[PDB]
Number of protein chains: 4
Amino acid sequence: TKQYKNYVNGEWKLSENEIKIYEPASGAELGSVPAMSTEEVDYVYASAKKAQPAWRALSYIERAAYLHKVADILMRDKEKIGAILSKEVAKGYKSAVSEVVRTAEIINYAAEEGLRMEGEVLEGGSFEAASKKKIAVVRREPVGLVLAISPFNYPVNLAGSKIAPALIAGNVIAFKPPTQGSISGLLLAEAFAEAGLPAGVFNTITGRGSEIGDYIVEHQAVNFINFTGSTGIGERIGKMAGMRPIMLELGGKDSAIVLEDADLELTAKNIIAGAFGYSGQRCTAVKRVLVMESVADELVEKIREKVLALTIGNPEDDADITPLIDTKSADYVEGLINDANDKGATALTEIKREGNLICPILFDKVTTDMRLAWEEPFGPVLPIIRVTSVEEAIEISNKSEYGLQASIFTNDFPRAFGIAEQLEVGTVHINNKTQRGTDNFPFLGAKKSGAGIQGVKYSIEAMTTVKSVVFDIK
Amino acid sequence: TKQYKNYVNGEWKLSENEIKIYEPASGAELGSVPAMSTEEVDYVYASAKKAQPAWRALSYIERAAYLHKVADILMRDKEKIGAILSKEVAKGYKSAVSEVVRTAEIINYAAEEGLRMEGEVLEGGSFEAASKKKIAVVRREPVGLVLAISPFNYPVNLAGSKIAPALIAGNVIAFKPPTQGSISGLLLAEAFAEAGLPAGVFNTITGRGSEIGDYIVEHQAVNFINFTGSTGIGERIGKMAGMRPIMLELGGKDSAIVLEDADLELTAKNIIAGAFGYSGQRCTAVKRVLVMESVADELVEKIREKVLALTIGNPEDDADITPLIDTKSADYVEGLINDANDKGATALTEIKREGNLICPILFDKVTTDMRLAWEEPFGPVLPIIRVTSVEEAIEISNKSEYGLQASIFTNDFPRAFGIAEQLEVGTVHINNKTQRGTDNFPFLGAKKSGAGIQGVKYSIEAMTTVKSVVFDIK
Amino acid sequence: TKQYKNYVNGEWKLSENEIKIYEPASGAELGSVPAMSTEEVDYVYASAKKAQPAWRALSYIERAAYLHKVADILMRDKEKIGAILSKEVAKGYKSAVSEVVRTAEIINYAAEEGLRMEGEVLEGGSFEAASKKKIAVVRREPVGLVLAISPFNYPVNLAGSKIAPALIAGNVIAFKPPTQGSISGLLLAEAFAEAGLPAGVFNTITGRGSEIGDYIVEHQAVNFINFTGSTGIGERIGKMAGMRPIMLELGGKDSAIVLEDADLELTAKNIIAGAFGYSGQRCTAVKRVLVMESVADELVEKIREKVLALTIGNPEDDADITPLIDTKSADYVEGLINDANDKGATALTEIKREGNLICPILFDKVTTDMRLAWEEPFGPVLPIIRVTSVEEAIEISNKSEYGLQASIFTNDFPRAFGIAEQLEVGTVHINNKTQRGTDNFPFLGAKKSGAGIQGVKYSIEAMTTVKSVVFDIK
Amino acid sequence: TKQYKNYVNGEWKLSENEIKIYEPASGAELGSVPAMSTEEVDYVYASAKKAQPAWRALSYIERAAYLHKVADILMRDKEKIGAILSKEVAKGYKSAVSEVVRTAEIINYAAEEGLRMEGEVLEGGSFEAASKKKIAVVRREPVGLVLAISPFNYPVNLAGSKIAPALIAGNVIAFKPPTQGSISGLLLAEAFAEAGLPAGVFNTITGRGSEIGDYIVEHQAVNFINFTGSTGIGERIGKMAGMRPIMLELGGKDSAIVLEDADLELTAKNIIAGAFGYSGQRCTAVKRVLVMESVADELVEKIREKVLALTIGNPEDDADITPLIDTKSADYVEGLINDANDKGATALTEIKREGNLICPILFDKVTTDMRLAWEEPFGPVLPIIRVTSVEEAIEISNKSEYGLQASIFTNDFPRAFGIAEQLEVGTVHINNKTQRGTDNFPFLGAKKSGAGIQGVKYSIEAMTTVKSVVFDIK
Ligand SMILES: NC(=O)c1ccc[n+]([C@@H]2O[C@H](COP(=O)([O-])OP(=O)(O)OC[C@H]3O[C@@H](n4cnc5c(N)ncnc54)[C@H](OP(=O)(O)O)[C@@H]3O)[C@@H](O)[C@H]2O)c1
Ligand SMILES: NC(=O)c1ccc[n+]([C@@H]2O[C@H](COP(=O)([O-])OP(=O)(O)OC[C@H]3O[C@@H](n4cnc5c(N)ncnc54)[C@H](OP(=O)(O)O)[C@@H]3O)[C@@H](O)[C@H]2O)c1
Ligand SMILES: NC(=O)c1ccc[n+]([C@@H]2O[C@H](COP(=O)([O-])OP(=O)(O)OC[C@H]3O[C@@H](n4cnc5c(N)ncnc54)[C@H](OP(=O)(O)O)[C@@H]3O)[C@@H](O)[C@H]2O)c1
């Protein structure tokens, strides 16, 4: 079998055991990845803590140059990495190549953002005359060893979104990709290896999170945990973190509030784009439409027609709708579809599943009584919930324990801004679908959608600390 | 008995049960405080979540005006509050009045700092040309309901340091003082009552943390936990917080590194000041001296003479050394004193204890083998540890699991700055004893000394979130 | 005669000559103000440069406390100062009292903003690895002696808007009010006297700007010139300043662009409010309406009716329209009214003048061929210019050499934001009349409307410099 | 003759007249540069104003990409450009190549700094409750057409230091190099031509500043003037600028204050380095030593020995001391040398001049009575002025009308910081010679040394304005 290895302390290492990866669309074996032992995890961490001081001792610009090299390498090999990524997570080929490209972009942005974090000089005289000669020189510092964990839908992108901001500031990294997507995670590891960062600065970990995950997170050598994945695991990590700092990017159930003065055609296209992207396997995605009854029939018919225009098929054919990541996922979605249907929702699209490929389905007349109204499906299923007032829309929206983003389709901005203030979310997009879009922008979620604020600059600030040196001037 | 009441939803409330408070120096009953039931805790929280929206709806300036009123009231009644505080925690009278004064100051500072937190407008064109018409309007928002918990040595000051920054930003408060110091905490509550903040915006909780503490922290109505106290409880809270945000100010074992070119007299006075303040019952306090052998004998003799000049007695007499907060504390300190002595340390001061009053004691020749070298005593005991190199001083320093602050006494600044970079602490004071000093300055601890960065501006930033609204310009 | 005196170096001083002030509405003598000699100007300046070092030596908080005292005094005596201000510049009584109140507010805000200006610590390693041990500690510093000059329509408010930001930062002040409004300027001086600022820190100058103005500005002892007044004098000062820093707030001819989807009633009320405030004697005031022909007739009739509802009379009666500041002004306005009329504009309101009181007049069908379309009148005359496209509105708008503010009345925000980007002005108000409104907001003008950016924070930044101290860490 | 051309609106243009350039060391003709007519100046400006809108319409990243191309090209041709620059201004070859390299660096830094300038969102509720629904979205904007003028000692570097920061923000450029150094200025122009920026965005102007200088500055099409050169011309421009914004980098007479606890050897080397660099033809250069009498003899002898180790000769031989830019300059320096000598100063080095090459000379016993103590020579002549107290050193220092930078050599930092506060300069270097060093650091001068604050970030902020859009949220 094609056995991939972990990058540990400047070397590539296999383990006594391996995990075989298959393509979610065909079942074909892709290769295997190591199933690390806790002793091997200990060595990755011991390696990193050892290398940190010297990494931190480099100049900011030297660290940015290393990262620029990594990004340059990713661009060079984007078709290579993209071909395997496409196969490993059953995501269209072109979009797979786009993930790699977006990764290089965030690595290059974090590299230039990080060498520009400034410190402050504060005056004691601002607080008390007696301390007017006392000044504080405050400068940032790395937290130490950061553990980064990416999800299956963006194993590379959502790894680089953590690695670059961490490294530029002087921290060292321990990266653990998702098992289904670990081969791609190791292909990214190759770029860091070629760029030539000092041994121990960047390392990878592989094994089933359901088996060594608690171990790698509870390990006291870990100073910070940056995670992207399910709410349930985030809750776990939040506790396993203790008083240690963390950044969680969890579930989302983004709602699209459509008022009566919205451009329905523009609204229909955005909802379709955000709802069915990557078969609905996106955290920031319109997962429920709360529309005003008076415009609902018209919006729904447009959405209905558009759903029928989506392509369905294999990743290599760049189909809009591809097979879900695994059988358990497709089964879970089916149960949501069933609960809705059996409960009276109106399926405006055919319910059909072949293997783990579920055709896109539009559900009208969904009520707050159906599971599909609240639970994140992570499949191509979109519920339409008709409301009779903006206040109800807000009520139903905020009712969710999720609060990533939201879209408001209307032409009344001052009103749209008033609504946005009440929406318990991180970002509100006016007349656009939701998105992490433009990584210089803050990215955070409310309630059980996460902890911490991301976006390049915020990530950097979050994974650094401060060192205040106070003295008196004579 | 003089029964104090909790301030809940605009009203003062007693509970079926009470807890009687005594003066640590005389044993005299001071009065009693309610022992709230979990049902009463639920009502405090339900009251606050209900009042939050309307409080958040006020203008920043309106909220600052309320807070300026509270501070003004504290200044007016500073002798009143200070007389009881002095008695409740056996701290000198004048210093007790100073705590109240310092509280008013931080309340007034946080009030003016909070109405000056600005948002940002970001450009999509910074990241990608295609999103050049996309801009992000980012504005801050409260986290919701904040639970504040102060320690016994600063029940008022270290409560106000949490309440003001929280309220100015729109958050609502649930304040729980320490049982020994709860009467004073309710005297501060009186100021918020007189200032007239809306019912539910500010409330207090009382009962033994060892009994209802886990309950008030685990309560899902709580959105943020700001705590000041022991490491053990902080660890607890860190876990009980889940993925919820928290700010912990825990233990410290501040070291004073004395190089060979230090002004020994100036060094001796600072160490004495920071080491014996409030009988060593201060978190930011020189708790261990790591001095260069060649200057050790001279520094120790000065410190020895100065220790003998300290006054010992009752809080009402403004004595330097007053009785420790309680019997268990005095006993714990005595064991530290004993371990050191039996192990060979050189007591340069008489070991004497009367009741819970422990005379100040200087220990020379302390080794890393004695408990006193590592454990936070919270008593008037100072260990002197002689080193033979700056590298050893740093080694022994960083060896502690504590990392609040540190002092470096030397006349070589560039070198002092190089050392400060290696010291695993929050703040490094050059030629001054450690201190939270000047609240506009950041205040944080490394390792097990805490989580989060305080100081007025940082507190505010920490207890707020962000709301990003993205739209496109045509 | 009631002879007012200048506050010079802690003392009040008369001059050999005086200038008698009369009430613009009745002609009644108000008192007299000194007509300083250049030698007296030299002493004010010598006094200030002498006092600066010690003022700069105070703590920020000490300087903010002085300013808070001044504001508190202004609030106490607001009816007193307002009664004379109302009489000196023929402005309604209540609005006069409001000027004083607004002054206290900006003095208090600048006081709290100034003790919060922070410095920076920069890394050489951001630019070059070789300089990675080199850090820069950058801290702000006063420019020195600032000369402040207020206009007749806001002699107190627009003096305090310069004095407070200057003083908080450590600068010393030389204040020169307008001759017509100098008595009120000296009443403000009284507040600084009572607050007890050190001798020389704050002083006043009086005499006709047309006679000693060039002298006080060209004086080399002056380090910065902050001026509010006419464009012609601003141009002058710009040149007399040399390479010295200045801040000019000059003329304005604010346009109100009314698109076809505007709420005409809300638009009509805002235009009326901003156009006729203080008889049109305001810099930030809608001075020309560029409306879409299709909605023009309707908007004009509303505006016509509202103009007729305005009150006309004496300041003491709080009339909307009061007598203009002087005869030359009323004559100038009349000529504008005449040029328009003789040229064919449609006067929808009666042309009437009594003394120097000019009734409000609305002119429809104004063309770019009439003086009234371009020249700032500073009288109750409003021209309506009908356009046929948004592009023409922008063309005609930007055609003016003035660029203070602008209002856009429309319900299309993305479009409104696109237009705002093309308008050559400082601030663009959407669905509101123009205004300096909320002093924490930036206030600046484009083209010949000024130099520099104001608003509290910006004023402070503008009247301070930086001191960079660079050293290497070993 | 080799006739260079100006880059105007995407094309290279000669003029009817030309100016022949010769090498200051050999007299050899280097080529010729156009002597533009005012009509040609008008076309350069008309071209730029025409191209600005579309340049401003590009995305920030697109503009940074153009600039990165220019820098990359400069690096590629650094030996080429450096060979001619070395010959045109008689500066060593390797240092000439270093100027080009440093230019690319500042162009690349400004490019990444500029796409990271953020805007702000301000709340009306911070100032008044009534405006709590009113928010201000403040975004930066270019000033328009910027006129950049570099000096002869850094025609390329100090051109790029103005061009890049200007362009990245959306401004267009009109660049005018010094006549002696115009050929090199046009070689830089070639890089902007090859990078392919749109026609009109970047253009050059050539002709004698003494003949067309006033014209190009007074031209109303110019929105901002960024100049580096003599104080006399800066004064001129300051006036010709009117109320228009400008940035002036003028003369300097940097002093090196040497206290009694300084490391004399380290001090001697720095003074030599900063004083004799480029034959003393540097603005930021130790131009006068104010040393404590007790350490003066020792410091002077060290400096004396080192001066004798400096190399003297031709630029191509990379000599330390090369021929001065021109005859008038050498004559001027000679007069300073003469005034000092005839007045009693002690020349510790031989006074010798061949052609325009003046050997380095050290003058001890200089007094405040000699011209050399105050006037900027721009030649290899260093005066030593012995003082008897730190207070006198400060007095004599601040006595100069110059205030660029200063060095303080001492081991007492708190004291050094106190002195730095009193020194009327832009930057104070502790134990290092003065320097513009590390372009991310602020660079400004006090008194007659300039106007405005430079350093990448500050340059960008200085050549941009703000556009505030205010609306209310419903
Ligand atoms: N908000 C955002 O920014 C964001 C972005 C994209 C996706 N997501 C969310 O992610 C979910 C889909 O991703 P997923 O199914 O890959 O998530 P998941 O099941 O929570 O797992 C994601 C990652 O966590 C690991 N993991 C599992 N148990 C762990 C343990 N206790 N300790 C440490 N790590 C552990 C996995 O390793 P294994 O693969 O071996 O189990 C993997 O690296 C959705 O909820 C979606 O909304 C969030
Ligand atoms: N780092 C800093 O900024 C800072 C400042 C000052 C002091 N300190 C630290 O605080 C300690 C001394 O103060 P302390 O003895 O008051 O600390 P503590 O015994 O840890 O208790 C602190 C506070 O926690 C409450 N509490 C106890 N257990 C609880 C639990 N189960 N869950 C939630 N709340 C509970 C207490 O109420 P009850 O009294 O009813 O238990 C009290 O208000 C030292 O370790 C010291 O250095 C830290
Ligand atoms: N942009 C803004 O924020 C702002 C605000 C309000 C008004 N304005 C503008 O100001 C004008 C109306 O105000 P105004 O009549 O007070 O203006 P002005 O006649 O130009 O005078 C302004 C001030 O300058 C003084 N002065 C006259 N000549 C001077 C000189 N050569 N040197 C130094 N000072 C001199 C005056 O004292 P004397 O009384 O002795 O002449 C007065 O204090 C209008 O054009 C208006 O739009 C601008």
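Residues numbered from 1 in each chain as written, not as in the entry; some residues may be left out. Chains lettered and ligands numbered in written order. Heavy atoms only, no water.

Per the PDB record, the structure was determined using X-ray crystallography to 2.6 Å resolution.

**Q** Looking at this structure, I do not really get the interface of chain C and chain A. What am I missing?
**A** By a widely used convention, the size of an interface equals the accessible area lost when the partners come together. Counting residues at the interface gives 27 residues for chain C, matched by 27 residues for chain A. In terms of surface lost to chain A, no three residues of chain C exceed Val121(C), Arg139(C) and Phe413(C), which account for 24% of the buried area on that side. Along the contact surface separating chain C from chain A lie three salt bridges. At the boundary of chain C with chain A, the tally comes to ten residue pairs in polar contact. Elements that contribute at least two residues to the side of chain C that touches chain A include exactly α2 (60-76), β5 (119-123), β6 (134-142) and α13 (413-422) of chain C. Considering each element in turn, the side of chain C that touches chain A owes the most residues, five residues, to β5(C). Classifying every residue of the side of chain C that touches chain A gives 15 nonpolar, five polar and seven charged. Inspection of the sheet shows strand β5 (residues 119-123) of chain A paired to β5(C) by three bridges, in the antiparallel sense. (Contact = heavy atoms within 4.5 Å. Buried area = accessible area lost by both parts, 1.4 Å probe. Salt bridge = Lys/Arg side-chain N within 4 Å of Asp/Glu carboxyl O. Polar contact = N/O pair within 3.5 Å; in protein donor to acceptor, adjacent residues only side chain to side chain. Helix = DSSP H or I, 4+ residues; strand = E, 2+ residues; numbered from the N terminus. Nonpolar A, V, L, I, M, F, W, Y, C, P; charged D, E, K, R; others polar. Pairing = 2+ DSSP bridges.)

**Q** Just to check I follow, could you spell out the relation of the copies chain C and chain A for this structure?
**A** Mapping one chain copy onto the other needs a rotation about an axis and a shift along that axis. Mapping chain C onto chain A leaves a residual RMSD of 0.0 Å; the transformation is a rotation of 179° accompanied by 0.1 Å of translation along its axis. Here the two chains are linked by the operation of a two-fold rotation axis. Closest to the rotation axis within chain C is the C-alpha of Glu120(C), separated from it by 2.1 Å. Interface overlap between copies is the fraction of interface residues in one copy that are interface residues in the other; for chain C against chain A it reaches 100%, indicating a shared surface. (Least-squares fit on C-alpha atoms.)

**Q** Sorry, what's going on with the packing of aromatic side chains here?
**A** Per the counting criterion, the structure on display carries 36 aromatic pairs over all chains. Summarising the aromatic geometry, the rings of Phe417(B) and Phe471(C) are spaced 5.8 Å apart at their centres and angled 65° between planes, so their arrangement reads as edge-to-face. Here the residue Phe417(B) occupies a position in helix α13 (residues 413-422), and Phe471(C) occupies one in strand β24 (residues 464-472), the pair thus bridging two chains. There is no split in this pair, since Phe417(B) and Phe471(C) are both buried. Arranged with centres 6.0 Å apart and planes meeting at 75°, the rings of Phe152(D) and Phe378(D) form a pair that is edge-to-face. Note that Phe152(D) is positioned in the loop between β7 (145-149) and α5 (157-168) and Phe378(D) in the loop between β17 (361-364) and β18 (381-387), a separation of 226 residues in sequence. A connected cluster of aromatic rings, assembled from ring pairs, spans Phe413(A), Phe417(A), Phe471(B), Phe413(C), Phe417(C) and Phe471(D). (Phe/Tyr/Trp six-rings, centres within 6.5 Å; stacked < 30°, edge-to-face > 60°. Buried < 20%, exposed > 50% of the residue type's maximum accessible area, 1.4 Å probe, protein only.)

**Q** Even after reading the chapter, I still don't get the site of ligand 2, so can you show me in this structure?
**A** All names here are of chain B. Around ligand 2 sit 30 residues, and of these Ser150, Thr179, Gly209, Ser230 and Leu250 come closest. Interatomic distance of 3.5 Å between a backbone N/O atom of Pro178 and an oxygen atom of ligand 2. The backbone of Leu250 places a nitrogen or oxygen atom 2.7 Å from a nitrogen atom of ligand 2. Compared with its free state, where it exposes 920 Å², ligand 2 has 87% of that area covered by protein. Secondary structure elements with two or more residues in the shell around ligand 2: α7 (209-218) and β10 (224-228). It is α7 that provides the largest number of residues to the shell around ligand 2, a total of four residues. A breakdown of the residues in the shell around ligand 2 according to their chemical character gives 14 nonpolar, ten polar and six charged. Structurally, the shell around ligand 2 is a two-domain feature, drawing no fewer than three residues from each of domain 1 (1-250 + 450-473) and domain 2 (253-445). (Near = heavy atom within 4 Å. Areas by Shrake-Rupley, 256 points an atom, 1.4 Å probe, with all protein chains shown as cover. Domains from an automatic or database assignment.)

**Q** Got a minute to help me understand the side chain of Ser449(C) in this structure?
**A** Looking at the secondary structure, you find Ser449(C) in the loop between β22 (446-447) and β23 (450-451). Not counting residues up to four positions away in its chain, the partners in contact with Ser449(C) are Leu248(C), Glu249(C), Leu250(C), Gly251(C), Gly252(C), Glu401(C), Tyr402(C), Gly403(C) and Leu404(C).

**Q** Would you mind showing me how to read the interface of chain C and chain D here?
**A** Each side of the interface is counted separately: chain C has 61 residues, and chain D has 61 residues. In this assembly, chain C and chain D are joined by four salt bridges. With its nearest N and O atoms 3.2 Å apart, the salt bridge here joins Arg139(C) to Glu421(D). Put simply, chain C and chain D have 24 residue pairs in polar contact between them. Of the residues forming the side of chain C that touches chain D, the biggest block, eight residues, is contributed by β24(C). Counted by class, the side of chain C that touches chain D contains 28 nonpolar, 16 polar and 17 charged residues. Two elements, strand β21 (residues 427-430) of chain C and strand β24 (residues 464-472) of chain D, share three bridges in a ladder whose sense is parallel. Across the sheet, residue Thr427(C) finds its bridge partner in β24(D), namely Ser468(D).

**Q** Quick question: what am I supposed to make of helix α5 (residues 157-168) of chain A here?
**A** Because the α-helix completes a turn every 3.6 residues, residues three or four places apart line up on one side. All names here are of chain A. Between the first and last C-alpha of α5 there are 17 Å, a value that for twelve residues agrees with the 16 Å anticipated at 1.5 Å per step. Of all twelve residues in α5, twelve are buried; the element is thus mostly enclosed. All buried positions along α5 are accounted for by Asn157, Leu158, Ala159, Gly160, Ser161, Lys162, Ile163, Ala164, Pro165, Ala166, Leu167 and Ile168. In the stretch just after α5, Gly170 is the one whose phi turns positive, near 105°. (Expected span 1.5 Å × (residues − 1).)

**Q** What should I look at first to understand the domain arrangement of chain A in this one?
**A** Residues and elements named next belong to chain A. For chain A, the domain assignment lists domain 1 (1-250 + 450-473) and domain 2 (253-445). The C-alpha centroid of domain 2 is placed 31 Å from the C-alpha centroid of domain 1. Each side of the interface is counted separately: domain 1 has 29 residues, and domain 2 has 23 residues. Roughly 2,100 Å² is buried in total at the junction of domain 1 and domain 2, and carbon and sulfur atoms are behind 55% of that figure. On the surface where domain 1 and domain 2 come into contact, there are two salt bridges. Between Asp439 and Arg102 there is a salt bridge, and its shortest N-O distance comes to 2.9 Å. On inspection of domain 1 and its partner domain 2, the count reaches eleven residue pairs in polar contact. Going through the elements one at a time, α3 (78-88), α4 (93-114), α5 and α14 (456-462) are the ones with two or more residues in the side of domain 1 that touches domain 2. When residues in the side of domain 1 that touches domain 2 are grouped by element, the largest group, five residues, is from α4. In terms of residue class, the side of domain 1 that touches domain 2 is made up of 14 nonpolar, ten polar and five charged.

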